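A.B. asks:
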Amino acid sequence: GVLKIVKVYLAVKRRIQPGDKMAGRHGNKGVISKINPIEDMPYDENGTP
Amino acid sequence: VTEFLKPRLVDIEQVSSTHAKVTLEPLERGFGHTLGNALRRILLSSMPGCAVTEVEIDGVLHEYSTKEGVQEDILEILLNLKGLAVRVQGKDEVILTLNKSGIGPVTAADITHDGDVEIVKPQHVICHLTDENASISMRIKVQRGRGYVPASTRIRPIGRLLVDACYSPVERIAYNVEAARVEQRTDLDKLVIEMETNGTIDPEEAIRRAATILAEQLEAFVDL
């Protein structure tokens, strides 16, 4: 019943959003919740946030 | 009382190529932290930088393919290119050209630099050609921007590849308040801003830029 089939491959780059689910190795899963700008993150006295 | 010493720039010590220190003095009590924090947020937030935006390789249609002769894929070439450091004097949008043939690494120094565009780290690597007669020719596009701009959210032929922009010279900013010694006074501070840029921005220019932006945006409160 089929005469010809055409297949197309799409490549996508899923980047990251508030809502993804990243987890550690000790079963401490969690849903990422915000993407803060770097100037708001805690930073130690050396300057590395 | 009811009068405040005004700060000043005492010395811009250049400890290394990309690591710098700025000293501000004098400062009344309670301003050390205020100015330190304001300037840190401003500097990390918005400094005008320059970065590569579009690449156009000769014999490649999309970034997921491979080219015969080069060692890495095209994705790793784009990634390595994304971290390129370059300054442009007058033009807000320039086009560099790279041509290479022969075995070896392809440093940024092989870019056919124009008069005004300046590469800051001529030992940065891009790819490894592994054949005596394998060549690469590409046309890099460099723009001037003010932050982060992902490829998706901006706004033709099938030969253009789009990389994400990261226009920000500064990378890490720290600071310290410490008592100084004016002719005679107690509780007189001195601010030290430690800066680690990627080499494309002059320190004093950056600090003056932050000061002017903060002031001229604070102007909206006076005569409200």
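Going down the list, the protein sequences come from chains I and G. Under the authors' numbering, the first residue of the first sequence is numbered 1045, with each subsequent residue one higher. Note that the second sequence covers residues 5 to 159, 166 to 234 in the authors' numbering. Where a beta carbon is used, it is the ideal one built from N, C-alpha and C, also for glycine.
(1) Consider the Cβ of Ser49 (chain G): report whether some Cβ of chain I lies at a distance smaller than 8 Å.
(2) Pairing CB atoms from the segment 52-63 of chain G with CB atoms from the segment 174-190 of chain G, are three or more of them under 8 Å?
(3) For chain I, find out if any of its Cβ atoms is closer than 8 Å to the Cβ of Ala42 (chain G); answer yes or no.
(4) Are the C-beta atoms of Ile1082 (chain I) and some chain G residue less than 8 Å apart?
(5) Going by alpha carbons, who is nearest to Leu171 (chain G) out of G:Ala220, G:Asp62, G:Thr210, G:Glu122?
(6) For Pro109 (chain G), which of helix, strand or coil comes out of DSSP?
(7) Quick test of the definition: if touching needs 3 or more C-beta pairs under 8 Å, does the segment 1075-1089 of chain I touch the segment 35-48 of chain G?
(8) Are the C-beta atoms of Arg182 (chain G) and some chain I residue less than 8 Å apart?
(9) I'd like to know if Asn1072 (chain I) contacts chain G, where contact means its C-beta is closer than 8 Å to some C-beta of that chain.
(10) Between which two residues does the alpha helix (DSSP H) carrying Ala42 (chain G) extend?
(11) Under 8 Å by Cβ, that's how I've got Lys104 (chain G) and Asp120 (chain G) pegged, so tell me the actual separation to the nearest angstrom.
(12) Which residues does DSSP pair with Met205 (chain G) in a beta bridge?
(13) What residue range is occupied by the uninterrupted alpha helix (DSSP H) comprising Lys145 (chain G)?
(14) Answer yes or no: does any C-beta atom of chain I fall closer than 8 Å to that of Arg33 (chain G)?
(15) Taking the C-alpha atoms as reference points, what is the distance between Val90 (chain G) and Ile1079 (chain I)?
(16) Please list the partners that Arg150 (chain G) has in chain I, where partner means a Cβ-to-Cβ separation under 8 Å.
(17) Closest Cβ-Cβ distance between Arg45 (chain G) and chain I: below 8 Å?
(18) Of all the options G:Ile78, G:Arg148, G:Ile159, which has the alpha carbon lying nearest to the alpha carbon of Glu97 (chain G)?
(19) Taking DSSP as the reference, what is the three-state secondary structure of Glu215 (chain G)?
C.D. replies: From the atom records:
(1) yes
(2) yes
(3) no
(4) yes
(5) G:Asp62
(6) strand
(7) yes
(8) Yes, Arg182 (chain G) lies at the interface with chain I (some Cβ there is under 8 Å from its Cβ).
(9) no
(10) Per DSSP, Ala42 (chain G) belongs to the alpha helix (DSSP H) from 36-49.
(11) So it is not a contact: roughly 22 Å between Cβ atoms.
(12) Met205 (chain G) pairs with G:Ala24, G:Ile183.
(13) Looking at the DSSP string, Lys145 (chain G) is not in any alpha helix (DSSP H); the run it does join, the beta strand (DSSP E), is 139-149.
(14) no
(15) Between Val90 (chain G) and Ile1079 (chain I), the C-alpha separation is close to 28 Å.
(16) The contacting residues do not exist; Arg150 (chain G) stays about 14 Å from chain I at best.
(17) yes
(18) G:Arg148
(19) helix
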